[PDB]
Amino acid sequence: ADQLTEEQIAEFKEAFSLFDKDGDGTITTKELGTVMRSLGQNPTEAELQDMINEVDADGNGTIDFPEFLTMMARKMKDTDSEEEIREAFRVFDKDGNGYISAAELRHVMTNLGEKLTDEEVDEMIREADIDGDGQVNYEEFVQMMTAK
Amino acid sequence: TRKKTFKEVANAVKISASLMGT
Numbered sequence: 001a002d003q004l005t006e007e008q009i010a011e012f013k014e015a016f017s018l019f020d021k022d023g024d025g026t027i028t029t030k031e032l033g034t035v036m037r038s039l040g041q042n043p044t045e046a047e048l049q050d051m052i053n054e055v056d057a058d059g060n061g062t063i064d065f066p067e068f069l070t071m072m073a074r075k076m077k078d079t080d081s082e083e084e085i086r087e088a089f090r091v092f093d094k095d096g097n098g099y100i101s102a103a104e105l106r107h108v109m110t111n112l113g114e115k116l117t118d119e120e121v122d123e124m125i126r127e128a129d130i131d132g133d134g135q136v137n138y139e140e141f142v143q144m145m146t147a148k
Numbered sequence: 149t150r151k152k153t154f155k156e157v158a159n160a161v162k163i164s165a166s167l168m169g170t
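As given, the protein sequences belong to chains A and B, one line each in that order. Residues in the first sequence are numbered from 1 upward in steps of one, following the authors' numbering. Residues in the second sequence are numbered from 149 upward in steps of one, following the authors' numbering.
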């Protein structure tokens, strides 16, 4: 209700510090989209008006960080619990073949920020890979979301 | 890290369609 997983801890710190330069406690509204996009996220302006509409319910002109991911937790938790996983293929699965290959995770990484060669990927996959085909499936990419 | 790598990358990008609208 108040906190989720380290997922919040990973970006609620940056979504806070990426734009809290004014020293206004939390990050600005007109800039929240950018604190959101500076994270690699590509949201809508209309939803940016939907969230600014939801947060500006107090009238402070700023955006709390521990309570916004919670908004993201509810944007996925109640909508579809089945598609919530398959969307990760929307995240990593590039070749749309069902298997997020080592080039795609690399191409993921490149999109996300890192470049990863052929021999450096044979660790990102093996980490989730059960059979070791070199192309991460659902259950490998999935178990690693629970494995720990 | 050698045996754990997606576990680290997932925390950053585990969900995208949650805040995405197309």
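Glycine included, each C-beta is placed from N, C-alpha and C at the ideal position.
#### Entry: chain B residues whose Cβ lies nearer than 7 angstroms to that of residue 30/A
Here the premise fails: no neighbours, minimum Cβ distance about 18 angstroms.
### Task
Compute the Euclidean distance between the alpha carbons of residue 132/A and residue 121/A, then round it to the nearest angstrom.
12 angstroms
### Query
What's the call for residue 166/B, buried or exposed, on a 16-neighbour Cβ count within 10 Å?
buried
### Query
Which residue comes first and which comes last in the alpha helix (DSSP H) that contains residue 74/A?
69-77
### Message
Check whether chain B comes within 8 angstroms of residue 42/A, counting only Cβ atoms and requiring the distance to be less than that.
### Response
yes
### Rounded separation between residue 143/A and residue 82/A - CA only
15 angstroms
### Query
By DSSP, does residue 130/A sit in helix, in strand, or in coil?
coil
### Message
Beta carbons nearer than 7 angstroms to chain B: which residues of the region 100-114 of chain A have them?
### Response
112
### Query
DSSP state of residue 125/A, grouped into three classes?
coil
### Message
Against residue 141/A, what residues of chain B qualify as contacts under a CB-to-CB distance less than 9 angstroms, listed in chain order?
### Response
154, 158
#### Entry: Close-in-space but distant-in-sequence residues of the same chain around residue 76/A (CB under 6 angstroms, 5 per side omitted)
84
### Task
Tell me whether the beta-carbon of residue 115/A lies closer than 8 angstroms to the beta-carbon of residue 104/A.
no
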